[PDB]
Each structure stands twice: as C-alpha cells, then as structure tokens.
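In: Need the 3D shape of this:
(chains A and B, ligands or ions: 3)
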Amino acid sequence: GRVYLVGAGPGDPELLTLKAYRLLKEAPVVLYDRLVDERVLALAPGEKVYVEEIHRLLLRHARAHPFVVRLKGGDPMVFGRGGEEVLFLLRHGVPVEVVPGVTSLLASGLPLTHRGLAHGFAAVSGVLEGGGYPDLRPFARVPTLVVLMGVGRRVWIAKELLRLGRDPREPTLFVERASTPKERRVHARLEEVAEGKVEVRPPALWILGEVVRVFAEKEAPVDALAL
Amino acid sequence: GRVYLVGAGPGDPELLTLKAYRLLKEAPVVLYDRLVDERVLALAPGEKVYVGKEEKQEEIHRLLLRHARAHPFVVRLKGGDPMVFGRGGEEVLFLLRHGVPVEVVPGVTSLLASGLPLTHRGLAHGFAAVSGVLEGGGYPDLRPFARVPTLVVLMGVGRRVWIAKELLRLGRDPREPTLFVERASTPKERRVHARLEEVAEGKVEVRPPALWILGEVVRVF
Ligand SMILES: [Cl-]
Ligand SMILES: [Cl-]
Ligand SMILES: [Cl-]
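Out: Numbers count the residues shown, from 1 in each chain, chains lettered A, B, ... in the order given. Ligands and ions are numbered 1, 2, ... in the order given. Structure data below:
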C-alpha cells in the first residue's frame, strides 16, 4: 500500500505534528530508525519495527498492509537519507506521502536569524553518506551555522572553519540530546573546540554564531531564557 | 503572565505540533502575526489579536507586553517556526528584558513545506536559508549563501529577478534548476520550475507567497 514518511520531531513527543500523531496511533506498522525517541514510539500501539537493505525491508511491509508509517527523527527530508528512501519506494510503485516535522536544527529555541547578527543560516553534516568529510567552504561564512553529526569530528571541523575564516572567538553551542530530559548545553568559543578542549558526546546539535549569546544577561553569564 | 512563542507551521493545521495545538485551544488570547494561516487561527477560541506588520516592531513589543501582563498566559503565534525569519528573537529579548516569562515552542518551518529533500547523497550535504526581505524591508547580502549546494529563499518572489542576478553575480550556476512552490502547504499549492537564468531574465511568473528552492535536488523529485 502507502508509506507515510513521517518526521518524529527532535524528541519531545509534544513536538510531533498533529498529522504524525494520528498516523502513529492508527498505523498497523511503524518502521522506525535509530533517531526516534522512545516516548514517541510508546504512543504507537501497532507493530514497531526497527529499520539498500533498509529499503527492501521497507518494501515488504508496505505491501503487507493498506499503509505503513516510516518514522524518522526531526524532519524526514533533511540529513536522514529521506530522499533515497522516497526514490526507491516510488521506483517500486509504492506511493509515498511526506509528513514534515520539527527539525532538530530548530530544537534549541535560539533565533537562528536575528536582526544585526544573521539574516539567514545554513546547516551541514559532519559525516556524509559513505563516511566522508563535508566540504565546508560554501558554508564557512554563513552568519549562523548549524552542524549535525559533527561531534566526533568537532576538532577537525573547528580547525577547518578557522582555516576558512570564521572568528576564533565566535561563541558556539552544543546541545546534547536536545528536547529530552538529558539535554545538556555546552558553551565554547570556536577556538576552544579547535584546541580539543570541549567535551561533548553524540548526538548533539552544534550552533555557531553570535545568536548563541542573544539571551545572555548583560550584567552576568546568566541565560535569561532558561530561567 | 507567561508568553508562549508558538510556531503555526507552514499552513496546514495538521502540521501544528501537539503542543502548539494544546496552547491554541486553551489560550485566553492569541497574538498572531500576518503570516499565520487562516485554518490555524480558526482553531483558537480565545480573543484573537492581530499583532504584526508588513516590513513598527517596538509597537508590536509594547502590545505583547500589555496583553501578557493582563493574563495568566497568552500565545504569540507566528508562521512556520517562531525562531527563524520572523523577528522572534527580538520579541523574546524584549519580553525577557521586561521580566515576562517566555517559552518557545518550535514548529514545522516553511523551509520544509515542500516535502522535498534539501540534502541528498551526491547532490547536497547541507543547505542554507535566507529571506529576500529583511528587517525594515532591506535587501540581503547574499555573498555568504551564494554557493551553498541547496539554497532556500523565503519572501523572495517580489524580488526574484534581483536575487537571481545577485546570485549569478556571486558565482552561482546559471543553468541551475530551481523550483517555486506557490502557496505551499495549502490546497492552492502550485509548483513552477525554472533555471536560475530564467528568473534573472524575468522569464518566470510566480505570485507570492512562495517557497523557492535552488539546487540539483530539485530534479531528484
Ligand atoms: Cl532533522
Ligand atoms: Cl576533551
Ligand atoms: Cl519559518
């Protein structure tokens, strides 16, 4: 039958879309991948299957039912090989409907665009399909830059951005497990990351740019938004 | 009281988050800006107050402060995700500076309204997003974004020829496929295809609003 490629959001089940929620409650089968929060899965009463060899495993269930749900973290169309799964499915006649989600890029609550600091932003992956390194040159000077899958390679990424002209004193922020109870924010200047001084564990969202300090009190290092 | 800065999604009410929906259904007052979809607004039973502008903002800030002080909580509804392309950062800053508690509720950003892949093996390993209209109606310095594999432009229909020309001036491929998704996330959604060249030449017809995606992913379909 039909495959609904659904964004699970960054983690907090409340950030599921109304559409995603209804499809999860109603789906006979939910093919999820690693990126999916336990709280969101617990909302699905149907068959939960942890899911190329991912593609064919998708095809089999799509055929077994009237429709199935293929659940991916954040929004399915960015940084998740969603495009690949869509192609494969369409090429095998399987209809596909995409249900956008709250991308993790937006899970920090910070204004990625802000008057006088950034009029746009860019997002890039530290790991490519195949395991390679990203070409950071087209991204090096965007005022606000967000990096996904950049924790393991943070030193190399930081050094490369410094080489490409980013400000070594630029404030940056790592948000580990954003949206969840284990969310831990790590503040560091770009140079401190390049110097291998920052401890961070994946998965983590990495935001670089002055917007990072937008809600910091003037009179002290206090995050006015959090408090 | 508290202010919830809430993302309305790109248009389709079904793309509201559970959290945004819960808040909209219970808010005594909803302060919405111009780009919030009609269908979303109709779901809110409380007092609906237009607090927006078409590119003043200090006025908007004072209105937000006035309503927030008169209720246990209010909802400040914005199109897409409240924290990108809507001056949400300024609104939150002003409120925090006035001692008003604020909670941000992310949304499905308009950048993602077309359901098309912005990143794709071999074509784009990241993307950039920019607006054709800045704070105060200013024009954007496109130099930082000109070469990103996949570029998405919001509010770029009116100034599409200038934008395309700037992009060409800044090094972007003239033959690059682009796509306009007119009235994305609505029943009236329409798609227009064209190479960067055609836009720069004034050969493309699109009426606002529209989401504009540039890059080889457009032809991945
Ligand atoms: Cl995502
Ligand atoms: Cl370390
Ligand atoms: Cl948005």
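In: Outline the domain layout of chain A.
Out: Domain assignment of chain A by curated CATH domains yields the ranges A:1-103, A:104-227.
In: can I get the ones you listed in JSON lines with distance to ligand 3 and mean neighbour count?
Out: Bear in mind the C-beta positions are built from the backbone N, C-alpha and C, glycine included. Below are these laid out as JSON lines (distance: least, CB to the ion, whole Å; neighbours: other CB atoms under 10 Å in any protein chain shown):
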{"stretch": "domain A:1-103", "distance to ligand 3": "11", "mean neighbour count": "20"}
{"stretch": "domain A:104-227", "distance to ligand 3": "9", "mean neighbour count": "19"}
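In: Residue B:52 is nearest to which of the ones you listed?
Out: Closest of the domains of chain A to residue B:52 is domain A:104-227, at 16.0 Å (criterion: CB to CB).
In: measure the closest one end to end?
Out: 22 Å (CA to CA, to the nearest Å).
In: just stretch A:124-139 next, same as before
Out: Rule used - CA to CA; the end-to-end distance of stretch A:124-139 is 8 Å.
In: Am I right that residue A:155 is in a helix?
Out: Yes. Looking at residue A:155 with DSSP: H, G, I helix; E, B strand; the rest coil, it is inside a helix.
In: which ones are touching it?
Out: Residues near residue A:155 by CB atoms under 8 Å, 6 or more residues apart in numbering or on different chains: A:193-194, A:196.
In: Looking at those residues, which are in helices?
Out: Those of those mapping onto helices are A:193-194, per DSSP state H.
In: in chain A, which spans are strands?
Out: Listed in chain order, the strands of chain A (DSSP state E) span A:2-7, A:29-32, A:47-50, A:67-72, A:96-99, A:120-125, A:144-148, A:171-176, A:184-189, A:204-208.
In: Strand partners (parallel or antiparallel) of the fourth one?
Out: Strand A:67-72 has its sheet partners listed here by DSSP bridges as strand A:2-7 (parallel), strand A:29-32 (parallel).
In: Could I get the full set of helices for chain A?
Out: Using DSSP H, helices in chain A cover A:18-26, A:38-41, A:55-64, A:82-91, A:154-163, A:190-194.
In: hang on, the earlier thing: could the contacts of residue A:155 be laid out in CSV, adding distance to ligand 1?
Out: Formatted as CSV, those follow (distance: CB to the ion, whole Å):
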residue, distance to ligand 1
A:193, 22
A:194, 26
A:196, 27
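In: wait, which of the contacts of residue A:155 is closest to residue A:225?
Out: Among the contacts of residue A:155, and counting by CB to CB, the member closest to residue A:225 is residue A:193, at 22.8 Å.
In: Now for that closest one: which residues touch it?
Out: Counting by CB under 8 Å, 6+ apart, residue A:193 makes contact with A:154-155, A:157-158, A:172.
In: tell me the centre residue of chain A?
Out: Chain A has residue A:104 as the residue nearest its centroid, 3.7 Å off, counting by CA atoms, centre = their mean.
In: and that one, what does it touch?
Out: Residues in contact with residue A:104 (CB under 8 Å, 6+ apart) are A:10, A:73-74, A:148, A:178-179, A:205.
In: What sits closest to residue A:215 if chain neighbours are left out?
Out: Of all residues not flanking residue A:215 in the chain, residue A:225 sits nearest, at 4.3 Å (CB to CB, 6 or more residues apart in numbering or on different chains).
In: Next: residue A:98.
Out: Setting aside the residues directly before and after it, residue A:98 is nearest to residue B:115 in space (CB to CB, 6+ apart), at 3.6 Å.
In: As a quick check, tell me the outermost residue of chain A.
Out: Outermost residue of chain A (CA atoms, centre = their mean): residue A:219, 33.2 Å.
In: correct me, but residue A:149 touches residue A:79?
Out: Yes. Residue A:149 lies in contact with residue A:79 (CB atoms under 8 Å); the separation is 7.4 Å.
In: residues contacting residue A:139?
Out: Residue A:139 makes contact with A:122, A:124, A:145, B:126, B:128, B:148 under the criterion CB under 8 Å, 6+ apart.
In: These: which two are farthest apart?
Out: Greatest spacing in those, by CB to CB: A:145 and B:148 (10.6 Å).
In: overlap in contacts of these two?
Out: Common neighbours of residue A:145 and residue B:148, counting by CB under 8 Å, 6+ apart, are A:122, A:139.
In: near ligand 1, which residues of chain A?
Out: A:74-75, A:103-104 (CB under 5 Å from the ion).
In: at 8 Å what do you get?
Out: Residues of chain A lying close to ligand 1 (CB under 8 Å from the ion) are A:7, A:10, A:35, A:72-76, A:78-80, A:101, A:103-105, A:148.
In: Would you point out which residue of chain A is nearest ligand 1?
Out: Nearest residue of chain A to ligand 1: residue A:74, at 2.3 Å (CB to the ion).
In: hang on, isn't that residue packed against residue A:101?
Out: Yes. Between residue A:74 and residue A:101 there is a contact at 5.7 Å, judged by CB under 8 Å.
In: what's near enough to touch residue A:106?
Out: So residue A:106 contacts A:10, A:112, B:81, B:83-84, B:106-107, B:109 (CB under 8 Å, 6+ apart).
In: now with 10 Å?
Out: Residues in contact with residue A:106 (CB atoms under 10 Å, 6 or more residues apart in numbering or on different chains) are A:9-10, A:15, A:74-75, A:112, A:123, A:146, A:178, A:205, B:7, B:80-84, B:104, B:106-109, B:111-112.
In: and if you look at residue A:151?
Out: If you count contacts by CB under 10 Å, 6+ apart, then residue A:151 has A:126-127, A:157, A:174, A:176, A:198, A:200-206 around it.
In: if we go to 8 Å?
Out: So residue A:151 contacts A:126, A:174, A:200-204, A:206 (CB under 8 Å, 6+ apart).
In: What of residue A:111?
Out: Neighbouring residues of residue A:111 by CB under 8 Å, 6+ apart: A:211, A:214, B:83-84, B:88-90, B:92.
In: go again using 7 Å as the cut-off
Out: Counting by CB atoms under 7 Å, 6 or more residues apart in numbering or on different chains, residue A:111 touches A:211, A:214, B:83, B:88-89.
In: before we move on, the earlier item: for the residue nearest to residue A:215, what are its contacts?
Out: Applying CB under 7 Å, 6+ apart, the residues contacting residue A:225 are A:109, A:215, B:92, B:96, B:102.
In: let's go with 10 Å and repeat that
Out: By CB under 10 Å, 6+ apart, the contact list for residue A:225 reads A:108-110, A:214-216, B:92-93, B:95-96, B:101-104.
In: One more: residue A:153?
Out: By CB under 10 Å, 6+ apart, the contact list for residue A:153 reads A:126-127, A:133-134, A:147, A:160.
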